[PDB]
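Enquirer: Structure file entry.txt (compact mmCIF, C-alpha atoms) is given on the next line.
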```
# COMPACT_ATOMS: atom_id res chain seq x y z
CA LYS A 1 0.04 -26.09 -0.81
CA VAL A 2 -0.50 -23.08 1.43
CA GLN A 3 -4.05 -22.80 2.71
CA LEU A 4 -4.84 -20.21 5.36
CA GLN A 5 -7.70 -21.15 7.67
CA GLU A 6 -9.26 -18.41 9.78
CA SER A 7 -11.47 -18.84 12.82
CA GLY A 8 -12.59 -17.01 15.92
CA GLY A 9 -14.54 -14.09 14.46
CA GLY A 10 -18.16 -13.23 15.07
CA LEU A 11 -20.12 -10.73 17.08
CA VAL A 12 -19.33 -9.27 20.48
CA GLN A 13 -20.88 -6.06 21.68
CA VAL A 14 -18.90 -2.94 22.64
CA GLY A 15 -16.19 -3.34 25.27
CA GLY A 16 -15.84 -7.05 24.51
CA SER A 17 -12.95 -9.24 23.41
CA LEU A 18 -12.36 -11.72 20.60
CA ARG A 19 -9.66 -14.13 19.53
CA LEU A 20 -9.00 -14.41 15.83
CA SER A 21 -6.98 -17.47 14.92
CA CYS A 22 -5.27 -18.29 11.65
CA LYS A 23 -3.43 -21.51 10.87
CA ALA A 24 -1.15 -21.65 7.84
CA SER A 25 -1.22 -24.98 6.03
CA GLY A 26 1.66 -26.21 3.92
CA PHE A 27 5.29 -25.20 3.89
CA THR A 28 6.78 -23.45 6.90
CA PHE A 29 9.23 -21.05 5.33
CA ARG A 30 12.24 -20.42 7.52
CA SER A 31 11.34 -16.71 7.78
CA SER A 32 7.91 -15.14 7.33
CA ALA A 33 5.62 -12.37 8.49
CA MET A 34 2.07 -13.21 9.58
CA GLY A 35 -0.69 -10.81 10.52
CA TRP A 36 -4.13 -9.44 9.80
CA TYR A 37 -5.64 -6.74 7.60
CA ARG A 38 -9.22 -5.50 7.70
CA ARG A 39 -11.67 -3.89 5.31
CA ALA A 40 -14.60 -1.88 6.68
CA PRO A 41 -17.52 -1.43 4.25
CA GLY A 42 -16.79 1.01 1.44
CA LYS A 43 -13.41 1.86 3.02
CA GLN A 44 -9.83 1.00 2.03
CA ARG A 45 -7.96 -2.07 3.24
CA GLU A 46 -5.94 -1.33 6.39
CA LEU A 47 -3.17 -3.14 8.26
CA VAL A 48 -4.36 -4.28 11.69
CA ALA A 49 -1.42 -6.25 13.11
CA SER A 50 1.59 -8.17 11.81
CA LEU A 51 4.40 -10.14 13.36
CA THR A 52 7.57 -11.59 11.88
CA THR A 53 9.30 -14.89 12.66
CA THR A 54 11.94 -12.97 14.67
CA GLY A 55 9.18 -11.60 16.91
CA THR A 56 8.61 -7.92 16.08
CA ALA A 57 5.08 -6.54 15.93
CA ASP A 58 3.54 -3.76 13.81
CA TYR A 59 0.12 -2.31 14.63
CA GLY A 60 -2.19 0.09 12.86
CA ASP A 61 -2.73 3.49 14.41
CA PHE A 62 -6.22 2.70 15.69
CA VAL A 63 -5.07 -0.32 17.73
CA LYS A 64 -3.71 1.84 20.57
CA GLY A 65 -2.56 -0.96 22.86
CA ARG A 66 -5.87 -2.82 22.65
CA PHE A 67 -4.65 -5.85 20.67
CA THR A 68 -2.07 -8.55 21.30
CA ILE A 69 -0.58 -10.66 18.50
CA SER A 70 1.10 -13.98 19.25
CA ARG A 71 2.50 -16.79 17.13
CA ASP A 72 3.08 -20.45 17.80
CA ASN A 73 5.52 -21.50 15.08
CA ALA A 74 5.35 -25.17 16.09
CA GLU A 75 1.83 -25.36 14.70
CA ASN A 76 2.51 -22.43 12.34
CA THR A 77 -0.37 -20.41 13.77
CA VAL A 78 -0.99 -16.82 14.80
CA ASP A 79 -3.66 -15.56 17.19
CA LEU A 80 -4.99 -12.03 17.65
CA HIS A 81 -6.49 -11.20 21.05
CA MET A 82 -8.61 -8.07 20.65
CA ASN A 83 -9.91 -6.21 23.71
CA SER A 84 -12.26 -3.27 24.37
CA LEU A 85 -13.82 -3.49 20.93
CA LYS A 86 -15.95 -0.69 19.54
CA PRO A 87 -18.35 -0.05 16.63
CA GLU A 88 -15.54 1.30 14.41
CA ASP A 89 -13.73 -2.05 14.58
CA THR A 90 -16.52 -3.84 12.69
CA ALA A 91 -15.06 -5.08 9.39
CA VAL A 92 -13.93 -8.19 7.53
CA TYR A 93 -10.61 -9.43 8.91
CA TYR A 94 -8.25 -11.21 6.50
CA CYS A 95 -5.26 -13.32 7.50
CA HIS A 96 -2.03 -13.12 5.54
CA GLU A 97 1.29 -14.94 5.32
CA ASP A 98 4.29 -13.31 3.64
CA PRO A 99 7.08 -15.78 2.82
CA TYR A 100 10.34 -14.07 3.80
CA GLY A 101 8.24 -11.04 4.78
CA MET A 102 7.70 -9.99 1.16
CA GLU A 103 4.34 -8.62 0.02
CA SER A 104 4.84 -9.98 -3.50
CA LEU A 105 4.64 -13.57 -2.20
CA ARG A 106 1.65 -12.93 0.07
CA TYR A 107 -1.01 -15.56 0.60
CA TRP A 108 -4.46 -14.39 1.73
CA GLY A 109 -7.14 -15.99 3.85
CA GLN A 110 -10.77 -15.80 2.76
CA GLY A 111 -11.62 -13.32 5.51
CA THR A 112 -13.59 -13.56 8.76
CA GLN A 113 -16.34 -11.18 9.84
CA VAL A 114 -16.12 -9.37 13.17
CA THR A 115 -19.11 -7.37 14.40
CA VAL A 116 -19.69 -5.06 17.37
CA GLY B 629 1.26 -24.33 -32.58
CA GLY B 630 2.47 -24.59 -28.99
CA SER B 631 5.03 -26.77 -27.20
CA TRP B 632 6.17 -28.40 -23.93
CA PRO B 633 8.29 -27.40 -22.06
CA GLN B 634 7.37 -23.74 -22.40
CA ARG B 635 9.28 -20.54 -22.07
CA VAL B 636 7.57 -18.47 -19.42
CA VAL B 637 7.74 -14.73 -18.82
CA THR B 638 6.02 -13.50 -15.68
CA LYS B 639 4.13 -10.26 -15.09
CA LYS B 640 7.35 -8.89 -13.55
CA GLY B 641 9.67 -10.14 -16.31
CA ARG B 642 11.06 -13.38 -14.84
CA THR B 643 12.17 -16.01 -17.37
CA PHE B 644 12.44 -19.76 -16.88
CA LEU B 645 11.77 -22.98 -18.76
CA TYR B 646 8.49 -24.43 -17.45
CA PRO B 647 8.25 -26.90 -15.70
CA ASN B 648 11.87 -28.02 -15.87
CA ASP B 649 13.47 -24.98 -14.24
CA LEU B 650 11.11 -25.43 -11.26
CA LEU B 651 11.83 -29.15 -10.69
CA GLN B 652 15.48 -28.82 -9.68
CA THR B 653 17.44 -28.73 -6.46
CA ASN B 654 18.18 -25.01 -7.10
CA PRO B 655 15.70 -22.20 -7.81
CA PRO B 656 15.67 -20.64 -11.29
CA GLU B 657 18.64 -18.30 -11.62
CA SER B 658 16.42 -15.35 -12.58
CA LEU B 659 14.67 -15.48 -9.20
CA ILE B 660 17.96 -15.45 -7.30
CA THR B 661 19.19 -12.53 -9.37
CA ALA B 662 15.88 -10.70 -8.87
CA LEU B 663 16.02 -10.91 -5.07
CA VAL B 664 19.65 -9.76 -4.95
CA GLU B 665 19.69 -6.85 -7.40
CA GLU B 666 16.05 -5.82 -7.89
CA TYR B 667 14.87 -6.16 -4.29
CA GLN B 668 18.37 -5.63 -2.77
CA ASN B 669 17.57 -8.45 -0.32
CA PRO B 670 20.34 -11.09 -0.33
CA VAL B 671 18.82 -12.57 2.83
CA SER B 672 15.72 -13.66 0.91
CA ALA B 673 17.97 -15.20 -1.75
CA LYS B 674 19.94 -17.21 0.81
CA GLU B 675 16.74 -18.46 2.45
CA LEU B 676 14.96 -19.37 -0.79
CA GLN B 677 18.07 -21.25 -1.84
CA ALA B 678 17.86 -23.15 1.44
CA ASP B 679 14.12 -23.88 1.51
CA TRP B 680 13.84 -24.76 -2.18
CA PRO B 681 14.74 -28.48 -1.98
CA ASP B 682 12.00 -28.92 0.63
CA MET B 683 9.44 -26.74 -1.17
CA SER B 684 6.51 -28.44 -2.87
CA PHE B 685 5.83 -27.66 -6.53
CA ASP B 686 2.79 -25.52 -5.71
CA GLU B 687 4.93 -23.25 -3.54
CA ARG B 688 7.80 -23.08 -6.04
CA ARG B 689 5.26 -22.10 -8.69
CA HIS B 690 3.72 -19.52 -6.35
CA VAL B 691 7.14 -17.94 -5.76
CA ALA B 692 8.21 -18.14 -9.39
CA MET B 693 5.03 -16.54 -10.72
CA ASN B 694 4.81 -13.70 -8.15
CA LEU B 695 8.43 -12.72 -7.40
```
Could I get this structure in the form of structure tokens?

Expert:
Amino acid sequence: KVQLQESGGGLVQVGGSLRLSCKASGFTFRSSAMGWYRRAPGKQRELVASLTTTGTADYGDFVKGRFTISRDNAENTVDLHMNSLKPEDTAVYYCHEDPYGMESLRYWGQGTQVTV
Amino acid sequence: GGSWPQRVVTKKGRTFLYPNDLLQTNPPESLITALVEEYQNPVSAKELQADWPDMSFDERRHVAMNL
């Protein structure tokens, strides 16, 4: 059964860096997209970063070269290294796995808080 | 009333016999047809057909109910 475990959130004040980590438990589908969305309070859920099994990355507009997304398929994990963080980046960050890169099959993590 | 196994229709109109059609070496034919013609994604169909024998029941159910 797919469980998505998130870790690495928490507070760091402006200009800092964090590593969000997400490990996908269960089946390792031959192709999948993994990434992160965020929800700031009262606002609408946004895509932060995503990466397929082939290796292509997709970033939200606001990222602007600040973030790096990597994946270690051996352990079926994905890590987000965030740099130069700012007050606007404070939100709840949710991990997601999309079997075969399809939103209809998406699993969600429970969400991890990041605070500047 | 009510019986077992049960005919299932999903929120998106997929039909299979539950649980039998999810306990086989091949995925339910409706799901293969859905990926090919509805989504126009034969790649997904080929890959689901390949992963299915190794997929646990929870994951087959997850796919069947949400595809």

Enquirer: Around (-17.6, -6.1, 12.7) in the file's frame, which residues reach within 7 Å when counting only C-alpha atoms? Return as a PyMOL selection string?

Expert: chain A and resi 11+89-92+113-116

Enquirer: May I ask for the distance between CA of residue 687 in chain B and CA of residue 640 in chain B, given in Å to one decimal place?

Expert: 17.7 Å

Enquirer: With all atoms listed in the file considered, list every residue of chain B at most 8 Å from chain A, as a list in words.

Expert: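 Within 8 Å of chain A on chain B, we get residues 672, 675, 679, 683, 684, 686, 687, 690, 691, 694 and 695 of chain B.
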
Enquirer: Name the residues in contact with residue 17 in chain A at a cut-off of 9 Å, using all atoms listed in the file, excluding same-chain residues fewer than 5 positions from it; report them as number ranges by chain.

Expert: A: 12, 81-85

Enquirer: Name all residues at most 6 Å from residue 109 in chain A (count all atoms listed in the file; drop same-chain ones fewer than 2 positions away) and give them as a list in words.

Expert: residues 4, 94, 95 and 111 of chain A

Enquirer: Could you list, as a list in words, every residue within 9 Å of range 642-654 of chain B, counting all atoms listed in the file and ignoring same-chain residues fewer than 3 positions away?

Expert: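 So, after excluding close chain neighbours, the residues are residues 632, 633, 634, 635, 636, 637, 638, 639, 657, 658, 659, 662, 677, 678, 680, 681, 682, 685, 688, 689, 692, 693 and 695 of chain B.
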
Enquirer: Keeping only C-alpha atoms, write the selected residues to a file as a CSV table (one decimal), keeping the file's coordinate frame.

Expert:
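This is the output file again13.csv:
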```csv
chain,number,residue,atom,x,y,z
B,632,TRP,CA,6.2,-28.4,-23.9
B,633,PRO,CA,8.3,-27.4,-22.1
B,634,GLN,CA,7.4,-23.7,-22.4
B,635,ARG,CA,9.3,-20.5,-22.1
B,636,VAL,CA,7.6,-18.5,-19.4
B,637,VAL,CA,7.7,-14.7,-18.8
B,638,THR,CA,6.0,-13.5,-15.7
B,639,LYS,CA,4.1,-10.3,-15.1
B,657,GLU,CA,18.6,-18.3,-11.6
B,658,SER,CA,16.4,-15.4,-12.6
B,659,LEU,CA,14.7,-15.5,-9.2
B,662,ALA,CA,15.9,-10.7,-8.9
B,677,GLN,CA,18.1,-21.2,-1.8
B,678,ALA,CA,17.9,-23.2,1.4
B,680,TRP,CA,13.8,-24.8,-2.2
B,681,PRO,CA,14.7,-28.5,-2.0
B,682,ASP,CA,12.0,-28.9,0.6
B,685,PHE,CA,5.8,-27.7,-6.5
B,688,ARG,CA,7.8,-23.1,-6.0
B,689,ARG,CA,5.3,-22.1,-8.7
B,692,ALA,CA,8.2,-18.1,-9.4
B,693,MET,CA,5.0,-16.5,-10.7
B,695,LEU,CA,8.4,-12.7,-7.4
```

Enquirer: For the atom pair CA of residue 36 in chain A and CA of residue 98 in chain A, what is the interatomic distance in Å to one decimal place?

Expert: 11.1 Å

Enquirer: Is it possible to get the axis-aligned box enclosing range 28-40 of chain A (all listed atoms, 3 Å extra per side) as lines of an AutoDock Vina configuration file, with centre and edge lengths in Å rounded to one decimal?

Expert:
```
center_x = -1.2
center_y = -12.7
center_z = 7.9
size_x = 32.8
size_y = 27.6
size_z = 11.2
```

Enquirer: So which residues are close to (0.7, -13.9, 23.2), meaning at most 8 Å away in the file's coordinates with all atoms listed in the file counted, and can you show them as a VMD selection string?

Expert: chain A and resid 68 to 71 79 81

Enquirer: What's the 8 Å shell around residue 22 in chain A, counting only C-alpha atoms, without same-chain residues fewer than 2 positions away, as a list in words?

Expert: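 Here the qualifying residues turn out to be residues 4, 5, 6, 7, 20, 24, 77, 78, 79 and 95 of chain A.
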
Enquirer: So how far away is CA of residue 112 in chain A from CA of residue 3 in chain A, in Å?

Expert: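 Spanning CA of residue 3 in chain A to CA of residue 112 in chain A is a straight-line distance of 14.6 Å.
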
Enquirer: Between A:97, A:21, A:33, A:10, which residue has the minimum interatomic distance to residue 53 in chain A, considering all atoms listed in the file?

Expert: A:33

Enquirer: Ranking A:16, A:46, A:25, A:8 by minimum distance to residue 75 in chain A and counting all atoms listed in the file, which one comes first?

Expert: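 Closest residue, counting all atoms listed in the file: A:25.
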